[PDB]
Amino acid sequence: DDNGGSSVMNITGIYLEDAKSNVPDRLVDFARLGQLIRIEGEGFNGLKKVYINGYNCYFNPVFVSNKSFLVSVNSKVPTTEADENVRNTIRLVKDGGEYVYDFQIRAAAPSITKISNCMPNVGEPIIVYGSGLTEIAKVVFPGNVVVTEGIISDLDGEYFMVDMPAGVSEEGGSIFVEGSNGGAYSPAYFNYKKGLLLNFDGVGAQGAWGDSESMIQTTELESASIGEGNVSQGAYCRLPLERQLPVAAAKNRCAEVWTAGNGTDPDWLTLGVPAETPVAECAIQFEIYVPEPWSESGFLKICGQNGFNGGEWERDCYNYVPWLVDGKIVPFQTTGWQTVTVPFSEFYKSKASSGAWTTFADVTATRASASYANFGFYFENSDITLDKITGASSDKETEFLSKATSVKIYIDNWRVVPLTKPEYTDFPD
């Protein structure tokens, strides 16, 4: 009998009610906002109020039995912003008395969607973005490098800050965190030195040929320490070069830098990304430094192969226009070196109608069949229409006319990375 038991309130266990779960009535040690919980115990007959973290939560009195009742954890219940004296409590009120019970209340599980710099130096600042990243207590780096000190979390849990510790594995991988809302993994692309194509300091080789005005020679790199927070590492490429300025109001292939290509470049199948990996789960990464604001005109063309004339929006290439956020001009500037992730899915060849890219094997096939396997970049200063970036009809009218430019951009650590994010669920199958 559910209507039996004493008149003195008591909670013995809290269960999560989920119709879409393998354990639809599951005994739990925490509850999240929006969840329906079943509170089991005694003396619940005549229940009048339920407060969760001091917030009055509606409950249906007809679902109340003396040993069990159902209550939804209202979306407006405060968690990290709840008063310390009521935080993580369930209080029950009836005419004959009240009962307080210590129980952990969380918001949605945390998520890491982006790391500001995926190849920092020891002691440099890192910004990790996502959601629900409130009160981060632990950050773990590839190689089981544990950090519990110097973690500053956003009050709104959109980010946290932490310095790069010593001893992080050169194999790289995901970062892992523990905060008030639980655990989360980043994509597996942090400190991924095994995917390095070119760093201009001995990993890979710069390819240079001819005497063209656009050609960046091996003798035309920079090595002075530049950037605040994330500082340059060894030599890197400046593009466009000082000698190439000012770059013409409407021109393409204005500046170019490449890998050695045909002959010495590695087999990309040896960079730790399996052939079967989908194009949305692997990418090209590089660190960028834009000291002065960049807007109105100019863009970077990542060339998967040498066969590009300049000004394309079509094959195994990608046009990085960082001053166009949501079809809106927003000046682009970095305090220091920041990682740029370009999934192979974002490449125009992966968005093609026929021989479209589906996996990394399709990327390796293309580079093996390419006339010139030089991986590289183009600085480009030609006219833009928001459709060439997004939807081929709706944004066709919006134009961003190209102008003369003398913008300074620096790139480094070109690499292939995996974007696979390990699974983290409250209760796995």
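Residue positions are given as counts along the sequence shown, with the first one as 1.
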Between 66 to 74 and 366 to 374, the record assigns the higher mean Cα B factor to 366 to 374
Higher of the two mean Cα B-factors (244 to 252, 201 to 209; per PDB record) comes from 244 to 252
The residue of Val50, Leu27, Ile37, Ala392 with the maximal C-alpha B-factor according to the PDB record is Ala392
Scanning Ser111, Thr334, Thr358, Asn191 for peak Cα temperature factor in the entry gives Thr358
Chain thirds by Cα B factor, record data; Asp163 belongs to the lowest
Quick tally, chain-level thirds of C-alpha B-factors: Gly183 sits in the lowest
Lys351: C-alpha B-factor third of its chain, per the entry, is the highest
The third of the chain into which the C-alpha temperature factor of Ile411 falls is the lowest
Of the three thirds of Cα B-factor ranks in this chain, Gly123 occupies the lowest
